[PDB]
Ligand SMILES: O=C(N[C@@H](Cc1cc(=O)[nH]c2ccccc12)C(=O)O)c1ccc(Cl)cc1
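Listed next as structure tokens is one chain, alone, in the form solved without Rebamipide (VJX).
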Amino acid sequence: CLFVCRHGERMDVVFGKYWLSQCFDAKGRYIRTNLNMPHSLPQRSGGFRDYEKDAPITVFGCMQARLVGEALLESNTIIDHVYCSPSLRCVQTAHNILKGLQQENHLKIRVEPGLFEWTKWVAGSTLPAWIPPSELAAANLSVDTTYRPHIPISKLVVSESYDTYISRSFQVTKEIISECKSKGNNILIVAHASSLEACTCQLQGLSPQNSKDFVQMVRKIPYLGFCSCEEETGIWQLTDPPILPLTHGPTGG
């Protein structure tokens, strides 16, 4: 069985494309101005600019994930292997899920650029400056630095076509299921709203949807939205997920 899910709430959504203008001042000192803003953002090799295209989750986004994980704990769902997209937001999410499972120390996360979302969405001709696992583990994030990626950064393409994405996802997935096959029977993926229809489209075996009813079906996926597949029967299908959803509204006004 397989579990894919979307990341916590984003700081660049709640607070705007001009959000660094509300954290940071002249000398690049972080200054929180809302309570949903972390108390420290971690320091980045490149400097504060790497956020602009690689934003971290908000306080409530963490909680979203720490709750999902606690829920996994309560439902006696043992998670054997967890892989996440190199997006900062997808790493911070995954680390909190594990806190909730109380496995921040035991489990160690496979980072995998193959899980990232359709680069059509990236601004400009350039990818976000992802933190390399050595530097993520560096900020006290239970990450597995050893894990060699199955689709390296460099091997990815900088504003790709629709069916390049669906194939690299339904390609990366097929690899990850083989990777574990009898090293634990429960793998989770922390990734993106696009990830859920792209990776389990072909796993369950369906015929990918037009580039118009993907975007259709994707924007309808909440934060920490999350889905279950179950099969060596070679026949994978969706199962009612082992936990309940997490619907709240906004702060209001």
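One rule holds for the numbers: they count along the sequence shown, beginning at 1.
Omitted here: the form deposited with Rebamipide (VJX) bound. The next part is about that form.
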query: Complete contact of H7, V13 and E117 with Rebamipide (VJX) in the entry with it bound (any heavy atom, 4.5 Å); finding: yes
query: Option touching Rebamipide (VJX), based on a heavy atom within 4.5 Å in the entry with it bound, out of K212, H39, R29, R219; finding: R219
query: Contact residue in the entry with it bound, from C227, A193, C62, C201 (heavy atom within 4.5 Å of Rebamipide (VJX)); finding: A193
query: Contact segment among 97 to 105, 117 to 125, 172 to 180, 133 to 141, judged by heavy atoms lying within 4.5 Å of Rebamipide (VJX) in the entry with it bound; finding: 117 to 125
